[PDB]
Amino acid sequence: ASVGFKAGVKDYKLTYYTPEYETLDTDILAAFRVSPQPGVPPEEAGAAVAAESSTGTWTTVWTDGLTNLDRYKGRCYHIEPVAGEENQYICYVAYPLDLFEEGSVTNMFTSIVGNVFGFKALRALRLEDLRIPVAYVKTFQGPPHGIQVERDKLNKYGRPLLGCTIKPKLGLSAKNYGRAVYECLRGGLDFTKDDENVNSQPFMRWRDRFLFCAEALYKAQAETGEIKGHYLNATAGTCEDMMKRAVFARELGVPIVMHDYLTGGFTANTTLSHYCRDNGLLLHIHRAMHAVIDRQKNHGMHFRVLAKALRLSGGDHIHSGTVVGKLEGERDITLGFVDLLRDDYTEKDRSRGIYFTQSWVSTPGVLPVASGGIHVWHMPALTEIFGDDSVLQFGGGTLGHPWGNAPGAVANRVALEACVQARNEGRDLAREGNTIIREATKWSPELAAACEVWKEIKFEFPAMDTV
Amino acid sequence: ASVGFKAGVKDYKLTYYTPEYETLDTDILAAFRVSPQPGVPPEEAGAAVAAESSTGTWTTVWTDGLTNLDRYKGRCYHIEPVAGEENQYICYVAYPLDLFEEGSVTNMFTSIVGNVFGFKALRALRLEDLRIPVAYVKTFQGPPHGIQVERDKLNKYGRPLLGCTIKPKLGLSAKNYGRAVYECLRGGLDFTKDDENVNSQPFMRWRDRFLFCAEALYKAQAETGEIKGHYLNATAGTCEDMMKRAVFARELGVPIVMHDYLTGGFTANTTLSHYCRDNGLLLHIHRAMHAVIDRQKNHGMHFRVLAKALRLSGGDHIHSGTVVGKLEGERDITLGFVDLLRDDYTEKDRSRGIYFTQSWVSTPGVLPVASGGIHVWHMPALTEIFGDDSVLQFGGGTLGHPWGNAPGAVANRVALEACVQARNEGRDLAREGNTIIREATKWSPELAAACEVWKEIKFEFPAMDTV
Amino acid sequence: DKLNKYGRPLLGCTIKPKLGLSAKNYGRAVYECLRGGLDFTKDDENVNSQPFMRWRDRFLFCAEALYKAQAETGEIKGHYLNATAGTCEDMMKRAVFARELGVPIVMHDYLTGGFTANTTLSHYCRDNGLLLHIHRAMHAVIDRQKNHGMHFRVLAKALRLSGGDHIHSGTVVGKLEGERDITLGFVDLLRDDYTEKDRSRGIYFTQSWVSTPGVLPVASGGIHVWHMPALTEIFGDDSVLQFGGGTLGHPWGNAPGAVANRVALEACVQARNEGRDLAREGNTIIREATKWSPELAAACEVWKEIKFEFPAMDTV
Amino acid sequence: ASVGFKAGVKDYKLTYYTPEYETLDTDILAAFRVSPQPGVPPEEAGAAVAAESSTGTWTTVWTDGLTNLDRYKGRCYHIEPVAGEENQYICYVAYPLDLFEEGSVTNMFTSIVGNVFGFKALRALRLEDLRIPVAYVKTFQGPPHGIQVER
Amino acid sequence: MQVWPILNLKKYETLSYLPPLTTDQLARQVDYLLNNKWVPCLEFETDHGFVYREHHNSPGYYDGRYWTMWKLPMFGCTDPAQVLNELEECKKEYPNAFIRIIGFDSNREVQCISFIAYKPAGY
Amino acid sequence: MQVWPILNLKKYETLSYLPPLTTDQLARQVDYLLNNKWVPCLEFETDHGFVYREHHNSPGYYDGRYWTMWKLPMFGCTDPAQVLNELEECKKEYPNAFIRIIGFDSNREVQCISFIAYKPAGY
Ligand SMILES: O=C(COP(=O)(O)O)[C@H](O)[C@H](O)COP(=O)(O)O
Ligand SMILES: O=C(COP(=O)(O)O)[C@H](O)[C@H](O)COP(=O)(O)O
Ligand SMILES: O=C(COP(=O)(O)O)[C@H](O)[C@H](O)COP(=O)(O)O
């Protein structure tokens with residue numbers, strides 16, 4: 001029944017802590033790691049988070065009476081204390097399907113992650129996971145192509161794909177870029193790519209680069225007999241400019257373009273994902289800016305949430321970290337979100353940071369891309385961590401080779417196939433990696449030289465974000 | 001001269017720590033709060049940050065020789081230890097103008113903030129400030145209108161503007177939204193607005209809302225004799241959808257729309273900023289998701305950087321926090337970025353978190369919007385902190401009034417003018433606030449009731465981000 | 001015919017300062033000028049779109065202002081909205097917004113903008129019923145010296161061909177150079193259908209126009225009320241006389257500044273129509289009017305002994 | 001502070017000859033070869049050129065008071081006589097960045113070269129050079145390709 | 001300094017900013033028209049004395065510009081008395097109307113003259 | 001609980017929701033304007049006291065925003081008595097008009113002040 005309107009403020013827990021609630025299979029569920037300010041009880045913290053990220057505000061408003069608030073309210077249905085933690089809990093919040101705009105990752109984030117992280121009453125807040133209901137999943141296109149279609153278009157099967165970011169990051173001219181791209185590709189790499197910050201600049205305007213890179217990739221393809229691609233970056237300042245770039249790439253008949261989904265944004269990214277689906281272009285996604293958000297364990301959004309969002313918005317590849325390279329990435333956590341990116345069903349598994357069983361109702365899988373401080377000696381670990389369905393990229397690891405780009409590429413290609421052959425023959429990549437690589441140097445001068453150069457280069461630091 | 005190519009990895013400091021460098025007035029300067037992993041010296045940490053955010057990678061690449069690396073390289077030109085800090089420094093990095101795409105905040109962030117925050121060698125990293133060169137500032141449109149033009153179009157002068165977010169956040173129908181909007185506006189508020197998560201949903205589709213809200217605002221305007229506006233939210237999943245909304249708002253002849261620049265993204269936001277300039281629509285910007293990025297002092301990006309970026313991309317209003325409300329916002333830091341948002345020149349001032357003197361070469365100023373857990377008793381502090389050029393918003397503070405929306409609005413409007421009159425007469429808002437408010441309740445039943453309801457509601461917690 | 005204006009030269013006024021005013025202040029100044037009796041106000045030629053005032057904001061406020069002056073006075077008003085821009089695209093966007101506003105006249109700088117863009121604008125204006133006022137910024141860089149360059153009469157004929165409804169033609173008596181005989185000659189080349197060779201006026205060839213419409217010459221630049229009789233006599237009815245400083249420099253504000261100019265002009269028109277000699281009787285005609293028009297009297301007070309008389313560089 | 005409005009004409013040099021002015025790095029600078037009519041002093045010639053190519057007109061207008069004229073006015077900051085010349089000087093004029101439309105050479109010429117060459121008070125005038133500030137340079141695309149790209 | 005009035009200050013184009021025409025002054029305008037050999041014509045209007053926009057607002061379109069013709073243009077008229085008499089006939093017939101005298105130049109097909117000759121009560 | 005009135009409740013922007021200004025209160029607003037060194041100016045309007053849309057309805061366009069200037073902005077004024085006197089001169093001349101006092105800040109080119117100083121009968 002309706003009860004009168006009683007103006008004034010009251011605890012959020014009165015309406016938003018609902019420990020007896022059984023979640024609907026159409027609900028979007030959120031796992032928040034909540035660190036309350038002293039004096040703020042877990043129930044009120046979790047309730048404040050559920051309220052302000054859905055239907056409520058700081059004082060009682062009469063308008064709730066025009067609606068059915070219990071039908072719409074987000075609600076904290078469970079709270080579990082964090083082991084070894086001083087005043088930190090995992091509060092689970094359930095959000096009704098009706099609260100979200102169909103197909104809009106932008107709307108989903110605006111609600112769940114829009115204002116709650118700045119609450120004075122909380123010391124810190126991290127969104128660890130989201131259980132996206134299949135009824136909401138179906139409102140999205142998902143990847144323009146996906147793993148199966150991509151291998152089919154490229155006629156590539158049985159091994160991880162190989163890429164390479166052209167270096168230096170900034171400063172090269174359009175013709176030099178193509179020159180570098182041709183040498184890399186003719187050596188055995190499947191792709192080369194614009195570094196993420198290469199958009200259009202005084203030192204190299206984009207159309208000139210797209211043009212020279214097309215000449216270069218077509219030349220490497222004719223020489224080797226293997227389909228080649230170069231991720232032409234469509235990231236730009238406006239949707240219009242971004243589209244012009246996607247359009248010129250289409251005109252050139254090349255197979256793949258790229259976009260920075262976070263710096264470019266979800267709205268533009270979704271627009272590009274659809275265009276790519278409409279025009280048969282593969283979309284490689286870079287995650288520039290993610291660590292500003294997902295690095296710390298106490299505050300932010302875990303990458304697995306940013307990865308699920310990208311799979312929804314749409315992308316054929318997504319940088320996923322290297323585990324063993326120069327940037328942070330724990331193996332168990334990485335293996336977990338890689339499954340969330342490629343598979344159709346993933347069961348809850350806290351040892352890998354998976355708080356919710358997630359189903360994708362056939363949304364195509366995204367190919368994880370390992371890039372950043374990796375080289376030939378890392379090949380066995382990379383092949384074993386990711387398996388065939390991944391793209392392994394070596395920028396410095398190719399353009400840093402003492403003999404040039406083509407031999408640098410041959411080195412990486414030989415190392416990978418050596419690992420693929422060994423694995424297929426039953427060898428243990430983890431135990432036998434160095435031997436597999438070492439054996440190959442015996443017949444590949446190119447690999448030997450690369451091995452010579454990077455033999456004792458490791459990146460091993462303490463991780464900031466662990467399970 | 002050119003020196004041979006020597007393959008292999010070497011310290012970044014060999015090329016990127018440049019303590020003797022005098023910054024160019026065309027450089028983009030960055031102030032990074034760096035927390036190195038144990039064993040990583042400040043110089044190498046600052047150099048790794050300068051290198052990987054500009055032209056360098058992990059090993060030496062021969063291609064640097066095709067260019068003039070010193071002409072392009074970003075460089076750590078100064079390092080200052082953080083007082084009271086254990087292993088934390090402020091490393092200053094200078095980036096040449098040529099490294100950035102004209103008019104693209106997206107490109108600027110992709111470089112400066114793209115991959116460095118995930119470095120294994122760093123424990124944490126925060127970008128505190130950016131000195132945007134006037135030669136780069138001029139490549140942007142900036143706000144579609146700006147403070148002067150906005151007051152001129154609305155014919156509003158001499159007091160802060162008043163707004164109100166319609167509540168509950170989600171769940172109201174289109175007709176009920178208009179109903180609530182009309183009652184609020186007829187009471188004296190200048191604006192009402194879609195809550196940020198109200199885009200288009202099963203409970204209320206956007207076109208229906210735009211339509212009813214136009215009927216409502218035009219009715220309140222005719223009744224009061226004052227120009228009214230309602231921020232119609234154009235935030236959407238794709239650029240196309242976003243544009244359709246901006247287009248219908250234009251068709252309705254209403255003065256203002258809104259966008260969530262971070263969840264929507266810089267690419268789409270810049271597209272909308274231009275459209276608004278082209279069609280005379282005021283653009284209110286909401287910062288949903290910012291605290292996920294800017295809350296913690298050790299890691300992320302300070303809001304002042306996100307605010308400068310928005311002024312460049314374009315927006316007429318930007319939520320700036322309330323200082324005294326429900327969400328975090330220190331006064332000195334807030335006063336500092338409010339100046340960075342509204343003024344044309346701001347001198348370096350570390351007491352307010354301003355690391356660089358910033359000039360705007362007449363880029364229009366953005367109106368800061370205080371919203372979130374504020375009510376009538378906060379009016380004197382709000383008027384004094386922000387002054388006339390701000391928009392003060394009361395959602396719960398209006399729809400939580402015991403007599404309905406119209407009286408709730410009258411209460412806020414009377415409180416504000418009471419404070420404006422007192423201030424203009426020479427009274428001290430800080431010392432005399434409660435008396436000014438109290439006097440007004442003597443002749444305004446509406447204010448009295450509101451005062452009755454929220455008399456002892458404060459939000460005072462320890463801040464996470466301080467100077 | 002479109003403006004329903006007959007029997008006297010038309011009156012205009014360039015808003016000042018040249019640069020620096022905001023969009024709302026521009027409209028404010030425009031409304032005050034127009035309500036006083038001027039037929040037009042105009043963007044100064046260098047007012048295109050700038051940090052201190054973006055064009056759309058100006059077009060919008062100026063439309064509100066001119067429509068207000070028109071309703072108040074009962075006379076059709078116009079404000080030359082400047083479509084001059086850096087690209088054809090931008091120029092067109094401005095012409096398009098002016099069309100949307102339903103205003104009667106826009107303007108273009110044919111030489112700094114260029115003949116290619118000018119011809120594009122001339123056609124658009126024909127297609128959309130917009131009057132086109134043409135400013136000749138940069139012409140003196142080309143036509144000042146007698147030994148080298150291109151005489152303005154060639155630049156004027158070219159503009160009549162490309163297309164324009166008004167063209168700045170000099171004042172003869174104002175702050176910028178313009179000999180009377182030479183001016184009278186090209187004014188005929190601009191307005192008439194046939195002009196016989198006449199070297200005393202610098203006309204080297206008989207020119208026929210086969211009904212190409214005539215262009216209204218616009219006198220603007222350092223002119224004021226005391227110059228009215230000479231201006232009316234040099235140009236006759238078919239001209240537009242513009243007073244920017246001569247209006248915004250009036251001691252009582254824009255509206256009275258406009259009344260002063262409007263009264264001075266009609267006083268001269270009435271006198272001329274009655275048979276008086278504008279050349280001999282000018283000062284008396286003006287002086288008589290000050291007796292019944294406080295506004296004209298004040299203006300007269302202010303500019304009584306201001307003349308611009310220097311040796312001309314280009315003579316016949 | 002604001003001073004009352006005083007209608008009437010006065011020397012341009014009163015506002016536009018500013019010999020002590022230090023140019024801003026955002027200013028557009030012009031080097032004009034000025035040949036004044038007899039009786040017209042260099043300072044007034046240079047000032048008339050600075051005024052009429054930027055913010056001023058022939059008589060005093062009240063509207064200047066709605067703005068900050070010193071923020072916008074072009075100004076003759078230096079005058080050097082031409083060697084071997086009879087009554088000819090090089091007057092330098094500085095124009096604030098805000099006076100120009102971004103990316104429009106058309107607007108730049110309309111201001112600097114629009115009406116000053118026809119001044120009755122000058123016998124002749126030549127614009128010899130312009131110092132284009134890098135903040136204004138960046139508002140232009142410049143060549144579609146340029147030497148390197150073309151080769 | 002005076003403030004230019006705002007209310008009831010409607011004007012009527014040419015000559016409307018001068019003091020009212022005297023019989024002589026009116027006579028002299030008619031003479032001027034005839035001396036230049038222009039064809040005089042009278043027009044009157046009682047419903048819409050000023051321009052307005054009821055049917056369209058595209059550039060250059062206004063309603064109220066057309067008034068109604070009194071009889072026909074006086075082709076071949078050389079006697080100002082004929083014009084002034086028709087003005088009197090029009091006035092007696094339409095004392096409620098605004099009446100103006102216009103003069104056509106058929107060579108240019110433009111009205112070289114146009115001034116208000118009579119205004120109804122309250123104007 | 002009260003129901004906010006609907007009829008004859010037109011407002012006038014800044015200060016219009018407070019009780020009527022007393023002589024002293026009005027004086028203090030003028031002082032405030034002058035102390036901040038803003039230029040005072042008076043504007044009056046008798047025909048359209050409130051915003052409307054007769055000529056266009058595109059975003060940001062409204063008619064009624066422009067009122068008419070009383071004389072000129074009082075540049076260099078430092079005596080509030082001058083302002084108040086002009087307000088009295090305006091009132092005697094336009095007792096039928098709404099009159100407001102505005103204050104310009106020429107550096108920002110924005111009106112930092114604007115309030116209704118007089119309202120005609122029935123307002
Ligand atoms: O800089 C590199 C790699 O070059 P190199 O092979 O020379 O290290 C990539 O473009 C991305 O920035 C990787 O970041 P993430 O994979 O974490 O998105
Ligand atoms: O929820 C509210 C305020 O409603 P209420 O007045 O009822 O609190 C606003 O829409 C923004 O979320 C403010 O956040 P920020 O200003 O920090 O962007
Ligand atoms: O500057 C003025 C006149 O203003 P003022 O009336 O105050 O002198 C005009 O806009 C043109 O520049 C005239 O030049 P020309 O007619 O030679 O093209």
# chains A, B, ... in the order shown; residues from 1 in each chain; ligands from 1
call {"tool": "calpha_fit_and_write", "arguments": {"fixed": "chain F", "moving": "chain E", "output": "PDB file with C-alpha atoms, in the first residue's frame"}}
result
ATOM      1  CA  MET E   1       1.270  23.281   3.393  1.00  0.00           C
ATOM      2  CA  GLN E   2       0.921  26.161   0.937  1.00  0.00           C
ATOM      3  CA  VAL E   3       0.260  25.921  -2.772  1.00  0.00           C
ATOM      4  CA  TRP E   4       2.536  28.234  -4.675  1.00  0.00           C
ATOM      5  CA  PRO E   5       0.328  30.761  -6.496  1.00  0.00           C
ATOM      6  CA  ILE E   6      -0.168  30.627 -10.230  1.00  0.00           C
ATOM      7  CA  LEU E   7      -1.747  33.922 -11.255  1.00  0.00           C
ATOM      8  CA  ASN E   8      -0.046  37.280 -11.432  1.00  0.00           C
ATOM      9  CA  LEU E   9       3.183  35.815 -10.116  1.00  0.00           C
ATOM     10  CA  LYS E  10       5.585  37.142 -12.763  1.00  0.00           C
ATOM     11  CA  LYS E  11       9.122  37.517 -11.543  1.00  0.00           C
ATOM     12  CA  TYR E  12      12.025  39.732 -12.549  1.00  0.00           C
ATOM     13  CA  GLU E  13      15.164  37.737 -12.074  1.00  0.00           C
ATOM     14  CA  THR E  14      17.693  38.753  -9.396  1.00  0.00           C
ATOM     15  CA  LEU E  15      16.201  39.934  -6.103  1.00  0.00           C
ATOM     16  CA  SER E  16      12.633  39.511  -7.403  1.00  0.00           C
ATOM     17  CA  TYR E  17      11.852  36.689  -4.905  1.00  0.00           C
ATOM     18  CA  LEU E  18      12.667  38.872  -1.878  1.00  0.00           C
ATOM     19  CA  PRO E  19      10.377  41.424  -0.243  1.00  0.00           C
ATOM     20  CA  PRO E  20      10.277  44.794  -2.082  1.00  0.00           C
ATOM     21  CA  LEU E  21      13.465  46.848  -1.834  1.00  0.00           C
ATOM     22  CA  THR E  22      13.307  49.715   0.585  1.00  0.00           C
ATOM     23  CA  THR E  23      15.068  52.993  -0.239  1.00  0.00           C
ATOM     24  CA  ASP E  24      17.969  51.807   1.854  1.00  0.00           C
ATOM     25  CA  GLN E  25      18.067  48.386   0.268  1.00  0.00           C
ATOM     26  CA  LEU E  26      17.970  49.945  -3.206  1.00  0.00           C
ATOM     27  CA  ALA E  27      20.713  52.331  -2.140  1.00  0.00           C
ATOM     28  CA  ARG E  28      22.886  49.462  -0.942  1.00  0.00           C
ATOM     29  CA  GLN E  29      22.621  47.655  -4.297  1.00  0.00           C
ATOM     30  CA  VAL E  30      23.751  50.784  -6.117  1.00  0.00           C
ATOM     31  CA  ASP E  31      26.631  51.109  -3.653  1.00  0.00           C
ATOM     32  CA  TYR E  32      27.545  47.491  -4.291  1.00  0.00           C
ATOM     33  CA  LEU E  33      27.606  48.128  -8.028  1.00  0.00           C
ATOM     34  CA  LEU E  34      29.846  51.204  -7.689  1.00  0.00           C
ATOM     35  CA  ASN E  35      32.157  49.702  -5.069  1.00  0.00           C
ATOM     36  CA  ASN E  36      32.959  46.925  -7.482  1.00  0.00           C
ATOM     37  CA  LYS E  37      33.691  49.624 -10.030  1.00  0.00           C
ATOM     38  CA  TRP E  38      31.020  48.508 -12.494  1.00  0.00           C
ATOM     39  CA  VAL E  39      29.392  51.024 -14.875  1.00  0.00           C
ATOM     40  CA  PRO E  40      25.735  51.618 -14.056  1.00  0.00           C
ATOM     41  CA  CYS E  41      23.089  51.945 -16.762  1.00  0.00           C
ATOM     42  CA  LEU E  42      19.280  52.150 -16.730  1.00  0.00           C
ATOM     43  CA  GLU E  43      16.974  50.336 -19.176  1.00  0.00           C
ATOM     44  CA  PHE E  44      13.233  50.675 -19.525  1.00  0.00           C
ATOM     45  CA  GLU E  45      10.499  48.798 -21.345  1.00  0.00           C
ATOM     46  CA  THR E  46       6.820  49.378 -21.615  1.00  0.00           C
ATOM     47  CA  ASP E  47       5.614  47.150 -24.426  1.00  0.00           C
ATOM     48  CA  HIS E  48       7.023  43.676 -23.643  1.00  0.00           C
ATOM     49  CA  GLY E  49       7.754  43.300 -19.957  1.00  0.00           C
ATOM     50  CA  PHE E  50       8.603  39.574 -20.308  1.00  0.00           C
ATOM     51  CA  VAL E  51      10.404  37.276 -22.739  1.00  0.00           C
ATOM     52  CA  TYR E  52       8.410  35.928 -25.702  1.00  0.00           C
ATOM     53  CA  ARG E  53       9.053  34.431 -29.095  1.00  0.00           C
ATOM     54  CA  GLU E  54       7.520  36.239 -32.024  1.00  0.00           C
ATOM     55  CA  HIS E  55      10.292  36.177 -34.596  1.00  0.00           C
ATOM     56  CA  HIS E  56      12.110  32.928 -34.065  1.00  0.00           C
ATOM     57  CA  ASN E  57      12.205  29.903 -31.770  1.00  0.00           C
ATOM     58  CA  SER E  58      15.549  28.252 -32.501  1.00  0.00           C
ATOM     59  CA  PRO E  59      17.687  27.379 -29.436  1.00  0.00           C
ATOM     60  CA  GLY E  60      18.718  30.444 -27.435  1.00  0.00           C
ATOM     61  CA  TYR E  61      16.571  32.888 -29.356  1.00  0.00           C
ATOM     62  CA  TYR E  62      13.956  34.869 -27.446  1.00  0.00           C
ATOM     63  CA  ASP E  63      12.385  38.268 -28.016  1.00  0.00           C
ATOM     64  CA  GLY E  64      11.894  40.609 -25.069  1.00  0.00           C
ATOM     65  CA  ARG E  65      15.466  40.331 -23.794  1.00  0.00           C
ATOM     66  CA  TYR E  66      16.444  43.762 -25.131  1.00  0.00           C
ATOM     67  CA  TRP E  67      14.922  46.733 -23.337  1.00  0.00           C
ATOM     68  CA  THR E  68      15.668  50.312 -24.281  1.00  0.00           C
ATOM     69  CA  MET E  69      18.616  52.279 -22.895  1.00  0.00           C
ATOM     70  CA  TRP E  70      17.989  55.375 -20.766  1.00  0.00           C
ATOM     71  CA  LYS E  71      20.540  57.858 -22.096  1.00  0.00           C
ATOM     72  CA  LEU E  72      23.940  56.079 -21.957  1.00  0.00           C
ATOM     73  CA  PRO E  73      25.893  53.910 -19.485  1.00  0.00           C
ATOM     74  CA  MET E  74      27.211  56.200 -16.709  1.00  0.00           C
ATOM     75  CA  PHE E  75      30.934  55.803 -17.424  1.00  0.00           C
ATOM     76  CA  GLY E  76      33.138  57.048 -14.590  1.00  0.00           C
ATOM     77  CA  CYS E  77      30.218  57.485 -12.136  1.00  0.00           C
ATOM     78  CA  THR E  78      31.212  57.168  -8.457  1.00  0.00           C
ATOM     79  CA  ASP E  79      28.254  58.869  -6.875  1.00  0.00           C
ATOM     80  CA  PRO E  80      25.192  56.672  -6.204  1.00  0.00           C
ATOM     81  CA  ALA E  81      23.166  59.839  -6.050  1.00  0.00           C
ATOM     82  CA  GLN E  82      23.685  60.256  -9.782  1.00  0.00           C
ATOM     83  CA  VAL E  83      22.235  56.786 -10.466  1.00  0.00           C
ATOM     84  CA  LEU E  84      19.262  57.243  -8.159  1.00  0.00           C
ATOM     85  CA  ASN E  85      18.558  60.614  -9.723  1.00  0.00           C
ATOM     86  CA  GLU E  86      18.572  59.199 -13.239  1.00  0.00           C
ATOM     87  CA  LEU E  87      16.203  56.535 -11.918  1.00  0.00           C
ATOM     88  CA  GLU E  88      13.898  59.336 -10.819  1.00  0.00           C
ATOM     89  CA  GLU E  89      14.211  61.127 -14.185  1.00  0.00           C
ATOM     90  CA  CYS E  90      13.431  57.866 -16.004  1.00  0.00           C
ATOM     91  CA  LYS E  91      10.415  57.189 -13.745  1.00  0.00           C
ATOM     92  CA  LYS E  92       8.881  60.611 -14.323  1.00  0.00           C
ATOM     93  CA  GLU E  93       9.383  60.185 -18.042  1.00  0.00           C
ATOM     94  CA  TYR E  94       8.253  56.538 -18.160  1.00  0.00           C
ATOM     95  CA  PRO E  95       5.930  55.920 -15.205  1.00  0.00           C
ATOM     96  CA  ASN E  96       4.323  53.346 -17.482  1.00  0.00           C
ATOM     97  CA  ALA E  97       7.517  51.357 -17.912  1.00  0.00           C
ATOM     98  CA  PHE E  98       9.442  48.672 -16.061  1.00  0.00           C
ATOM     99  CA  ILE E  99      12.885  50.087 -15.263  1.00  0.00           C
ATOM    100  CA  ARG E 100      15.959  48.131 -14.231  1.00  0.00           C
ATOM    101  CA  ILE E 101      19.459  49.030 -13.139  1.00  0.00           C
ATOM    102  CA  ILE E 102      22.295  47.029 -14.665  1.00  0.00           C
ATOM    103  CA  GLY E 103      26.042  47.235 -14.069  1.00  0.00           C
ATOM    104  CA  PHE E 104      28.694  46.468 -16.667  1.00  0.00           C
ATOM    105  CA  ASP E 105      32.105  44.938 -16.057  1.00  0.00           C
ATOM    106  CA  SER E 106      33.992  45.959 -19.246  1.00  0.00           C
ATOM    107  CA  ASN E 107      36.859  43.621 -18.530  1.00  0.00           C
ATOM    108  CA  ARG E 108      34.628  40.603 -18.732  1.00  0.00           C
ATOM    109  CA  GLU E 109      32.061  42.358 -20.866  1.00  0.00           C
ATOM    110  CA  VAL E 110      29.301  40.956 -18.705  1.00  0.00           C
ATOM    111  CA  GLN E 111      26.594  42.559 -16.605  1.00  0.00           C
ATOM    112  CA  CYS E 112      27.506  41.688 -13.017  1.00  0.00           C
ATOM    113  CA  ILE E 113      24.353  43.338 -11.793  1.00  0.00           C
ATOM    114  CA  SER E 114      20.765  43.589 -12.912  1.00  0.00           C
ATOM    115  CA  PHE E 115      17.642  44.194 -10.856  1.00  0.00           C
ATOM    116  CA  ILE E 116      14.235  45.724 -11.403  1.00  0.00           C
ATOM    117  CA  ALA E 117      14.092  49.205  -9.883  1.00  0.00           C
ATOM    118  CA  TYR E 118      10.552  50.252 -10.779  1.00  0.00           C
ATOM    119  CA  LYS E 119       7.410  48.520 -11.993  1.00  0.00           C
ATOM    120  CA  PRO E 120       4.382  50.294 -13.489  1.00  0.00           C
ATOM    121  CA  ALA E 121       0.923  50.149 -11.927  1.00  0.00           C
ATOM    122  CA  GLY E 122      -0.514  46.659 -11.396  1.00  0.00           C
ATOM    123  CA  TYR E 123       2.866  44.993 -11.084  1.00  0.00           C
TER     124      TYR E 123
END
call {"tool": "residues_near_ligand", "arguments": {"ligand": "ligand 1", "cutoff": "7 Å", "atoms": "only C-alpha atoms and all ligand atoms", "output": "CSV table (one decimal) with C-alpha atoms, in the first residue's frame"}}
result
chain,number,residue,atom,x,y,z
A,164,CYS,CA,54.5,-5.6,-33.9
A,165,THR,CA,54.1,-1.9,-32.9
A,167,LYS,CA,58.7,2.4,-33.0
A,195,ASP,CA,51.4,2.8,-31.9
A,196,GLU,CA,48.4,3.9,-29.9
A,286,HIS,CA,43.9,-0.8,-27.5
A,287,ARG,CA,43.2,0.0,-23.8
A,288,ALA,CA,45.2,3.2,-23.3
A,319,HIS,CA,45.3,-5.7,-25.4
A,320,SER,CA,45.2,-8.0,-22.4
A,321,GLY,CA,48.7,-7.7,-20.9
A,322,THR,CA,51.7,-10.1,-21.1
A,327,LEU,CA,53.6,-3.9,-17.4
A,369,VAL,CA,46.7,-9.3,-27.4
A,370,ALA,CA,49.9,-9.7,-25.4
A,371,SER,CA,52.2,-6.7,-26.0
A,372,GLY,CA,54.8,-4.8,-23.9
A,373,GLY,CA,58.4,-5.7,-23.1
A,374,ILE,CA,58.3,-9.2,-24.5
A,393,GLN,CA,53.1,-8.5,-30.3
A,394,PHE,CA,56.8,-7.5,-30.5
A,395,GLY,CA,57.6,-3.9,-31.3
A,396,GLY,CA,60.9,-3.3,-29.6
A,397,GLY,CA,61.4,-7.0,-29.8
B,57,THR,CA,60.2,1.5,-25.7
B,58,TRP,CA,62.0,-1.1,-23.6
B,115,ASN,CA,50.6,3.1,-20.7
call {"tool": "residues_around", "arguments": {"residues": "residue 151 of chain D", "least_positions_apart": "3", "cutoff": "12 Å", "atoms": "only C-alpha atoms", "output": "PyMOL selection string"}}
result
(chain A and resi 174-175) or (chain D and resi 145-148)
call {"tool": "residues_near_ligand", "arguments": {"ligand": "ligand 3", "cutoff": "7 Å", "atoms": "only C-alpha atoms and all ligand atoms", "output": "ChimeraX atom specification"}}
result
/C:13-14,16,44-45,135-137,168-171,176,218-223,242-246 /D:57-58,115
